[PDB]
Amino acid sequence: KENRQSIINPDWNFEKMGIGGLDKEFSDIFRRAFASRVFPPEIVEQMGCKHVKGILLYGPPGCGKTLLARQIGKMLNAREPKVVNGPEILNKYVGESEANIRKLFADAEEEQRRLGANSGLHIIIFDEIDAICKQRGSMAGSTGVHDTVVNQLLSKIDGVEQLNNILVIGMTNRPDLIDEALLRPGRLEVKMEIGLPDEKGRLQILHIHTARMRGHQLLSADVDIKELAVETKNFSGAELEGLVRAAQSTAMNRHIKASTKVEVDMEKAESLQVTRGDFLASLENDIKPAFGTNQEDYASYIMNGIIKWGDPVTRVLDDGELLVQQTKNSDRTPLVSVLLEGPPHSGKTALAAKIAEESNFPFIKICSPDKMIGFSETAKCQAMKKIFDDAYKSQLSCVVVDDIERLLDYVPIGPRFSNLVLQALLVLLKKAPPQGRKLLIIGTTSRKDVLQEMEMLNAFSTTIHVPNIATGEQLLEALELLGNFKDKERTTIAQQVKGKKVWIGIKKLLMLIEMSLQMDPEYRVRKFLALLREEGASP
Amino acid sequence: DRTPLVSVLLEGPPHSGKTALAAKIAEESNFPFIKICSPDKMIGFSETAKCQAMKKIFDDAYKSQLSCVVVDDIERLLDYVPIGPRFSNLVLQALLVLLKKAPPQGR
Ligand SMILES: Nc1ncnc2c1ncn2[C@@H]1O[C@H](COP(=O)(O)OP(=O)(O)OP(=O)(O)O)[C@@H](O)[C@H]1O
Ligand SMILES: Nc1ncnc2c1ncn2[C@@H]1O[C@H](COP(=O)(O)OP(=O)(O)OP(=O)(O)O)[C@@H](O)[C@H]1O
Ligand SMILES: Nc1ncnc2c1ncn2[C@@H]1O[C@H](COP(=O)(O)OP(=O)(O)OP(=O)(O)O)[C@@H](O)[C@H]1O
């Protein structure tokens, strides 16, 4: 009796493979690939369907492709897979690459010819498949060796003769360069995408990578995984594995004295522990992601924090909260916009960054003009296009565009500016993203009239005003919050300024105070007043 | 500490001897890195090159704990001529953006 030897090893447990955050992808792969080989063969023969012989995996670096491939190779009860490490098949002579490819499908052919339908399963793994296979005719100058390899591969996977007992797996990082004729159904059907995880996936990974430590009581009692899951934002699996190793190394480093002449290991290795301080240090010093925006940017954009010197500082934030709530909840207006306005030295960028921070959205990015110094027009256009494209991929996103008047080069003489960048902005502000996704755009500028004159202010849904310090009470409140002057001096300052109206931006006040402090203690207040008197006003 | 970047403009009528005073101030600062970005070394350069050379001089100054950079004849740097008027816009934008870029934290 030709017993239907299961293609699944008897001792196989999903938890054994130790993959986290990829339940749906694995479910789909298992359904569309290995479903036909597990059910009793009589029904399948009645249906008359032939099995699938292809899988393709792609995604950004460090998401877990090779792990899936290795685990799948280990799961099946079949012969050892044949693995190709990049372009191992190219050779100098003529007609040796094609032979090297043909040598891979020998056992499959012979076994199919001998045993017919009742045959084992043969697996072949391709790694970095974009090194050998490419669009036919794109390359030129290789002497014709990168144009027959693809033809041989195509003729072999599915040709006049028919095989039914192979499974080819491919991995790549640039899915757009592979040949089109190699992706049609019947050759490489199941195309999957492996992407960054969400909070639950990160928690699963962090639980998978600490089970061994937790088992042996080497992990302290104050380590809470939820906080780490929340704090590590935009991390990909590889980074989440690296952080734990960094913490472990910093924990082990406390028992080695290497400054002395000879390395010596103390015998307090017993009672070892890993404390939360190690995790915080590892987060703050060693590992840093490579996607999205991080603390290194919000540190620079908001340099001196936010202080409540009056009423407007709350009004602006409340309006931002209302706008973000509207963006998140509603469904009939996927795209929203807003404009921030005010006189120079008012603090527009800080408020925009604060609102973006408090939005709490998954994806945040900032497009400032100081990262493209010396660029021509086309470079600016392409950079903006790339940022917005990366913004489209996610579910709901927020983007900030600061200093519009210098993103397009404006100078009153003339006037002069770039038409291309203006057209790019005017077209990008009226493009809705793919269905089921939401986008918020904030913009900052210091000259409303020019924008009105160019007919760009009609593309913004609404505008928000950013006022400026106007009364002595607000100035006294600002001074008391900053607390650089003493009460005795503050009495004279109030006695003087309160009998007048002031007009001075917040950012200018810090510079004025810093300039004032340089003088001697006895002449400070006077100097400060003088500077204020020279500032003037023009409401 | 609050303000890591400060700047100042020396101005006056012609033939008054102002670049010498700026050089003296820079020399008496006693800072480690002191460099003079002058148009004497940009004869025949197009706009792209002026912009890139300015950027390099301003990048070399981000790798020292203290610095002082002198710009000379802002008028000649823009190629300004009273007729028209006519000048370069890319260089002006570079300058206007390069006077507000704070250095890496701690310098
Ligand atoms: N889902 C996951 N669960 C557990 N560990 C993971 C996971 N994803 C990644 N890792 C860790 O990170 C490594 C990811 O390396 P992998 O070979 O999968 O990367 P890759 O996507 O092929 O990268 P490359 O772009 O360099 O080709 C795994 O070996 C494991 O160390
Ligand atoms: N209430 C506040 N709102 C905004 N910024 C504040 C406030 N209090 C203090 N600041 C500080 O003021 C500075 C804000 O300067 P910012 O870069 O926003 O200026 P700006 O108005 O965009 O300038 P410019 O008009 O020159 O383009 C930051 O240091 C911020 O920390
Ligand atoms: N007290 C002083 N201040 C300035 N320059 C002085 C003084 N005493 C002597 N000099 C000399 O005067 C000359 C100053 O010329 P400088 O190069 O400063 O001209 P400038 O004002 O920059 O010229 P221009 O406006 O035509 O470009 C130098 O020789 C300097 O040595």
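Residues numbered from 1 in each chain as written, not as in the entry; some residues may be left out. Chains lettered and ligands numbered in written order. Part of a larger assembly, values for the part shown. Heavy atoms only, no water.

The record lists cryo-EM as the method behind this PDB entry and 3.62 Å as its resolution.

## Focus on the overall build of chain B
Regarding its fold elements, chain B presents four helices and two strands. Seen in sequence order, chain B has helices and strands lined up from the N terminus as α-β-α-β-α-α. Projected onto its principal axes, the C-alpha coordinates of chain B cover approximately 45 × 30 × 25 Å. Long-range contacts, defined here as pairs at least 24 residues apart, represent 65% of the contacts in chain B between residues at least 6 apart. Total accessible area on chain B stands at roughly 7,700 Å², and carbon and sulfur atoms take up 58% of it. Of the charged side chains in chain B, 14 are positive and 12 negative, and the gap between their average positions amounts to 5 Å. (Helix = DSSP H or I, 4+ residues; strand = E, 2+ residues; numbered from the N terminus. Contact = heavy atoms within 4.5 Å. Areas by Shrake-Rupley, 256 points an atom, 1.4 Å probe, with all protein chains shown as cover. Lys, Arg positive; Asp, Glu negative; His and termini not counted. Charge placed at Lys NZ, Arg CZ, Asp CG, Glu CD.)

## Points about the nonpolar core
Residue and element names in this part refer to chain A. Core analysis: the biggest nonpolar cluster contains 40 residues, and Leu-340 and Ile-442 have the highest contact counts within it. With five residues, helix α13 (residues 312-329) is the largest single contributor of residues to this core. Excluding its chain neighbours within four sequence positions, the residues that come into contact with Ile-442 are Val-338, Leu-340, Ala-352, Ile-355, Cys-398, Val-399, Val-400 and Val-401. One finds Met-384, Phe-388, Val-399 and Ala-459 within the second-largest nonpolar core, a separate group that totals 31 residues. (Core = buried A, V, L, I, M, F, W, Y, C linked by side-chain atoms within 4.5 Å. Buried < 20%, exposed > 50% of the residue type's maximum accessible area, 1.4 Å probe, protein only.)

## Observations regarding the site of ligand 3
All names here are of chain B. Taken together, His-15, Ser-16, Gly-17, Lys-18, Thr-19 and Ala-20 make up all the residues around ligand 3. Within the backbone of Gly-17, an N or O atom sits 2.9 Å from an oxygen atom of ligand 3. The backbone of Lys-18 places a nitrogen or oxygen atom 3.4 Å from an oxygen atom of ligand 3. Here ligand 3 loses 40% of its free accessible area of 640 Å² to cover by the protein chains. Of the residues contributing to the shell around ligand 3, the split by class is one nonpolar, four polar and one charged. (Near = heavy atom within 4 Å. Polar contact = N/O pair within 3.5 Å; in protein donor to acceptor, adjacent residues only side chain to side chain. Nonpolar A, V, L, I, M, F, W, Y, C, P; charged D, E, K, R; others polar.)

## Notes on the pattern of salt bridges
Residues and elements named next belong to chain A. All told, the structure shown has 17 salt bridges over all chains when counted by the stated rule. For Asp-179, the salt bridge is made with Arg-136, and the minimal N-O distance between the two is 3.2 Å. You can see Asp-179 sitting in the loop between β4 (166-172) and β5 (190-193) and its partner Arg-136 sitting in the loop between β3 (122-127) and α6 (148-157), a full 43 residues away along the chain. The closest approach of N and O atoms between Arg-526 and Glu-522, which form a salt bridge, is 3.8 Å. When sorted by exposure, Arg-526 lands in the same class as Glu-522, which is exposed. A cluster of three or more residues bridged by salt bridges with shared partners is formed by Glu-109, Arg-113 and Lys-156. (Salt bridge = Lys/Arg side-chain N within 4 Å of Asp/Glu carboxyl O.)

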